[PDB]
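Structure record follows, encoded as structure tokens.
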Amino acid sequence: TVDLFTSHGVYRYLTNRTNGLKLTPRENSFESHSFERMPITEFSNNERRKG
Amino acid sequence: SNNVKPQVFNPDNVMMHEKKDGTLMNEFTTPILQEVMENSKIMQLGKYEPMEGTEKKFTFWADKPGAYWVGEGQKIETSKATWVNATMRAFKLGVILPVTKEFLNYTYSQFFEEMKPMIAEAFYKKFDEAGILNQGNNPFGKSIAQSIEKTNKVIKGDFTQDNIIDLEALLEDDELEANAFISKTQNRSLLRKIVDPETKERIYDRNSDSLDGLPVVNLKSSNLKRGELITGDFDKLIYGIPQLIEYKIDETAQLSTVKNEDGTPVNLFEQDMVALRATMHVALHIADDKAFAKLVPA
Amino acid sequence: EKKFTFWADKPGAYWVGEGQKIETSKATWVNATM
Amino acid sequence: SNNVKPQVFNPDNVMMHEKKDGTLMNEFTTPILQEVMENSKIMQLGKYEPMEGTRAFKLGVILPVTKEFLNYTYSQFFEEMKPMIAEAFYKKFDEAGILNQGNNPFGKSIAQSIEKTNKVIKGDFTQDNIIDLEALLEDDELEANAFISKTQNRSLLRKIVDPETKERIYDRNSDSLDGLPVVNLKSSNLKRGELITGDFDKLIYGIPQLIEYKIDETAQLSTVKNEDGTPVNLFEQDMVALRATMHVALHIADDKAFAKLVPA
């Protein structure tokens, strides 16, 4: 199951490796959110992101 | 010697900035790509399979236990399970383009950049024609046309609702259901005039390129004749790609499938030449030879 | 006057055994004017 | 290789640490510049022409070196040889453009211009013959810009004095004749008693590709045979080679602009 987060909403898909990860739309294929920028945030341990 | 005339090559595969008649090719108008590059139809229809090495192993169940009716206090009897194995291996595609560095400086600065999609097209076509039609020195001992030939799962006759439904029925005769059709674009003329005489429904959507509601894929190959149509449960066709296309460009190797006018092998360094190598690894496996059927004109 | 150049020959491609020689091929183009 | 006699090459162009007589150049002291560098004369006199693409022709050379030589005998060899190659190119170009020598690829040269227009003076160097040589140009409204000479004839030029001003017409310090600069050609083809002059702005040249250098440790030198006749493989034979290439173009805008003085 794939969730794709953009600055306006979430798109949701299904995939399998067998078919080559062809993203197929899903029940309630899109879901709006009220932020104005992509909601996921990444933190890095250092400049190189190494553990 | 101080021989200043341009070098003749055999075969004439080398790109050159100067012609042997003395014409010098400045101000070259870079050609524009007319068509659209074709995708691999196998990569479109088939099932992908991760494959790390040049070989892959599959194992499936084959036999299942029985059961028995037993009276009170009666001895319960035994039963047995069983499995079977299958395997697939990869093969390597490739080609080399040699280019004279004068050509690469004063005629076509982007030439190698413009060839990479044309190489990917030629590779995908080579793969499709090998796996689908068993053409072009198919390296695999496996192919759709070869499975159909060994099963004799062929219908003879004209494109008709009768024969196309019989063709699909030939798969559930083996408890398999058809998933798509492979056809030659020349023949949608024939499909675009076969109609069910009760319902007056047309079997073919001219609009959606669906035949009896299944999706149709067109081959650009010249081997598949107009009157021929192929169908199957393509989920039984497995393919793998251990090494996606790798390009490398080399300025110092020796070529040997190309010879100088005097017959000496072409040395890229000593002769001031550059050559572009492209390769790809691809693997193909038919999981069930019975899953494919073909319609052919009588 | 107008002039055009189009790709006409695609390069080929070869199946190559393990450690065998990769063979060469060439593209070509054709000129037209209208 | 394990060969205890050094490898004989044909042609014998490969640099080697061990001489044929078995002498080994260990701790070898670096050579020194016994002569100055000879700049290109047509690149000095002629008019540069901005040129894109190629008529041009390609000059080139390859220098193979035994890596023993490159390690023990002379480590900096390829860094110090680059300008000497550039001099070789300048000399080949000058000799082709001026004298029509050395299998010049162009159909154009000053020697051919003079041979076509027959603008030649038979005679010894005298003030009157120098004036006639210059007048051969000014006849056609063109004025001499410089002189080209074999340096070995300054001994002749010092013997000419203007009988009016009663002073040397040739300034041996300025190396200028009748107020015009004289350039010296070291090539062996221009003879002792020969002198050339012209309006060199009518000689045009271009250089689509400046001298490019590539060092390689892998190629095969088809042109250099081992003693057994097999081509030299740099990697297997532990060898290194430097490739140099250049593109030069030459054009003569008016072939009557050049005249030559030659012994009778």
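Chains as they are written, first to last, in the working numbering: chain A, 12 to 62; chain B, -7 to 290; chain C, 3 to 36; chain D, -18 to 245.
Virtual Cβ for every residue (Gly too), placed ideally from N, Cα, C.
On the DSSP bridge assignment, give the partners of residue i in chain order.
| i | result |
| --- | --- |
| D:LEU242 | D:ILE102, D:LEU176 |
| B:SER214 | Answer is none; B:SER214 lacks a bridge partner. |
| B:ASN259 | B:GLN246 |
| B:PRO207 | B:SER202 |
| A:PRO36 | A:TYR24 |
| B:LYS251 | B:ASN2, B:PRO257 |
| D:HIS232 | D:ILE185 |
| B:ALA172 | B:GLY224 |
| A:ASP14 | A:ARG23 |
At least one CB of chain D closer than 8 Å to the CB of residue i: is that the case?
| i | result |
| --- | --- |
| B:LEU96 | no |
| B:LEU236 | no |
| B:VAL6 | no |
| B:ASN(-6) | yes |
| B:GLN246 | yes |
| B:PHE103 | no |
| B:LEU16 | yes |
| B:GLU27 | no |
Go ahead and label residue i buried or exposed: buried means 16 or more other beta carbons lie within 10 angstroms of its beta carbon, across all protein chains shown.
| i | result |
| --- | --- |
| B:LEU25 | exposed |
| D:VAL17 | exposed |
| residue 67 of chain C | Here chain C comprises residues numbered 3 to 36, so residue 67 of chain C is not present and cannot be evaluated. |
| D:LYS89 | buried |
| residue 355 of chain B | Here chain B comprises residues numbered -7 to 290, so residue 355 of chain B is not present and cannot be evaluated. |
| B:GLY58 | exposed |
| B:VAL62 | exposed |
| A:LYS33 | exposed |
| B:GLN246 | buried |
| B:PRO90 | buried |
| D:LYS183 | buried |
| B:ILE157 | exposed |
| B:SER101 | exposed |
| B:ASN130 | buried |
| D:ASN81 | buried |
| B:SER32 | buried |
| B:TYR239 | exposed |
| D:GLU(-1) | buried |
Can you confirm whether residue i, when its beta carbon is compared against all beta carbons of chain B, has any partner nearer than 8 Å?
| i | result |
| --- | --- |
| A:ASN57 | no |
| A:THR35 | no |
| C:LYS4 | no |
| D:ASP235 | no |
| C:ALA29 | yes |
| D:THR47 | no |
| C:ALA15 | yes |
| A:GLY31 | yes |
| C:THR7 | yes |
| C:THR26 | yes |
| D:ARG224 | yes |
| D:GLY78 | no |
Should residue i be flagged as near chain A, meaning a C-beta pair shorter than 8 Å?
| i | result |
| --- | --- |
| B:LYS39 | yes |
| B:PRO257 | no |
| B:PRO131 | no |
| B:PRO109 | no |
| B:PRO42 | yes |
For chain C, find out if any of its Cβ atoms is closer than 8 Å to the Cβ of residue i; answer yes or no.
| i | result |
| --- | --- |
| B:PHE115 | yes |
| B:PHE83 | yes |
| B:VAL87 | yes |
| B:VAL250 | yes |
| B:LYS12 | no |
| B:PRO23 | yes |
Would you say residue i lies against chain E (beta-carbon separation less than 8 Å)?
| i | result |
| --- | --- |
| A:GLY20 | Absence of chain E from the displayed structure is noted, the protein chains being A, B, C and D. |
Taking 8 Å as the cut-off, does the region 22 to 29 of chain C touch the region 4 to 24 of chain B (at least 3 CB pairs, one atom from each stretch)? Counting C-beta pairs with one atom in each stretch, the region 4 to 24 of chain B and the region 22 to 29 of chain C have three or more that are closer than 8 Å, which means they touch.
If we require 3 or more residues per run, which beta strand (DSSP E) segments fall completely within the region 6 to 82 of chain B? Those beta strand (DSSP E) runs which fall completely within the region 6 to 82 of chain B and span 3+ residues are 47 to 55.
Pairs of beta-carbons, one from the region 194 to 214 of chain B and one from the region 255 to 267 of chain B, closer than 8 Å: are there three or more? A contact between stretches requires three or more CB pairs, one per stretch, nearer than 8 Å, and the region 194 to 214 of chain B fails this requirement with the region 255 to 267 of chain B.
If contact is defined by three or more beta carbon pairs under 8 Å, each pair taking one atom from either stretch, is the region 172 to 183 of chain D in contact with the region 124 to 134 of chain D? Counting Cβ pairs under 8 Å, three or more are found: they touch.
Jot down the residue ranges of each uninterrupted beta strand (DSSP E) in the region 90 to 131 of chain B, minimum 3 residues, whole runs only, in chain order. Annotation note: the region 90 to 131 of chain B contains no uninterrupted beta strand (DSSP E) run of length 3 or greater.
Would you say the region 47 to 57 of chain D touches the region 93 to 102 of chain D, given that touching needs at least three Cβ pairs under 8 Å? No, the region 47 to 57 of chain D does not touch the region 93 to 102 of chain D.
Counting Cβ pairs closer than 8 Å, one from the region 60 to 68 of chain B and one from the region 281 to 290 of chain B, do we hit at least three? These segments do not touch.
Answer yes if the region 189 to 197 of chain D comes into contact with the region 220 to 237 of chain D, meaning at least three C-beta pairs across the two stretches below 8 Å, and no otherwise. At 8 Å Cβ cutoff, the stretches touch.
Could you tell me whether the region 139 to 149 of chain D touches the region 100 to 114 of chain D, where touching means 3 or more Cβ pairs closer than 8 Å? Between the region 139 to 149 of chain D and the region 100 to 114 of chain D there are three or more inter-stretch CB-CB distances shorter than 8 Å, so the stretches are counted as touching.
So does the region 16 to 30 of chain A actually touch the region 40 to 48 of chain A, counting three or more Cβ pairs closer than 8 Å? Short answer: they touch.
Can at least three beta-carbon pairs, one atom from the region 248 to 257 of chain B and one from the region 112 to 127 of chain B, be found at a separation below 8 Å? In short, these stretches do not touch, since the Cβ pair count stays below three.
The region 29 to 42 of chain D / the region 2 to 11 of chain D touching (three or more Cβ pairs under 8 Å): Touching, no, given that fewer than three Cβ pairs across the two stretches are closer than 8 Å.
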